[PDB]
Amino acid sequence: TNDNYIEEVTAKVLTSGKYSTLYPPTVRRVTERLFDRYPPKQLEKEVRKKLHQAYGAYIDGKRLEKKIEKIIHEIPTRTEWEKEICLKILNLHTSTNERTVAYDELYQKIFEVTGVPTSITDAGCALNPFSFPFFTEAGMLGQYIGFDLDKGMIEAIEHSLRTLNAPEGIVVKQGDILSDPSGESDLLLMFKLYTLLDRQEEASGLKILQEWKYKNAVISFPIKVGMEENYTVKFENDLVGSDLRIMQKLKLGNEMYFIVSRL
């Protein structure tokens, strides 16, 4: 039938070890999206290209977990000690590395505009869940739900959090903000993810910020003459037509943080 090519192609690429460590609904999404365009044939070659174009850079947690096992073994007021371990963990990836020397006041700065929330949602969280000594101290004692695309990374975060005896409110899982049903949060975090979304699906960043329900959302961008496209102003120009309001524009470290609210 019509719905059988999708389930067959989705399973045919999810079976291949090249594309098995990613969220199946994403493959289910790009196959259903590329179905009307291209003919029934070439679909696998068209989805494996789209996956390579968009999600090809996030396909293992083995090396990461052993990297984190070293950090928690190399160490002998204790609240400050647990930070210096999370900070060394937050330095493994370039994503959360530059945010160091800013995690000390990042959640304080954000909560000055939004208030201490009851729950934080982190889309494409990556290593950001390990910033829990900073937002729990900032007042956020609710449930933290961070999700990402690569399975192996989420497994590495899950096991490392239990080894740290982190609060059981710090939940990690796998998910895609473009294919999972619309969520609801007291504070949605899109740290260095908005521009990534517009590559995977055209004009999807503003769509997610409009479809998702949140009291407040924080969308961040890097800062880094004139040989790289400036995408911060691109986002500032994207919000002219929407009913989304910029409540505050925080510049911390090498990053710009936009606190967006729809009321």
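In case it trips you up, residue 1 is the first one in the sequence shown, and so on.
Continuity check for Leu64 and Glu65, given as deposited residues lacking coordinates between them: The entry has no unmodelled residues between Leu64 and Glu65.
Missing from the model but present in the deposited sequence, between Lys41 and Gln42: Per the deposited record, the segment joining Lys41 and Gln42 has no missing residues.
Between 121 to 129 and 100 to 108 (mean CA B-factor, as deposited), the higher: For C-alpha atoms only, the mean B-factor is higher in 100 to 108.
Higher-B stretch (mean Cα B-factor, as the entry records it), 157 to 165 or 90 to 98: Mean CA B-factor is higher for 90 to 98.
Out of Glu201, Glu69, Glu236, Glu211, residue topping the C-alpha B-factor column of the entry: Highest CA B-factor of the listed options: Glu69.
CA B-factor placement of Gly142, once the chain's modelled residues are sorted into thirds: Lowest third of the chain for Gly142's C-alpha B-factor.
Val218, C-alpha B-factor rank within chain (lowest, middle or highest third): CA B-factor rank for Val218: lowest third.
Ranked C-alpha temperature factor of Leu34 among modelled chain residues, by third: Bottom third by C-alpha B-factor.
For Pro24, the third of its chain into which the C-alpha B factor falls: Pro24: CA B-factor falls in the middle third of its chain.
CA B-factor ranking of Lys207, expressed as a third of its chain: Bottom third by C-alpha B-factor.
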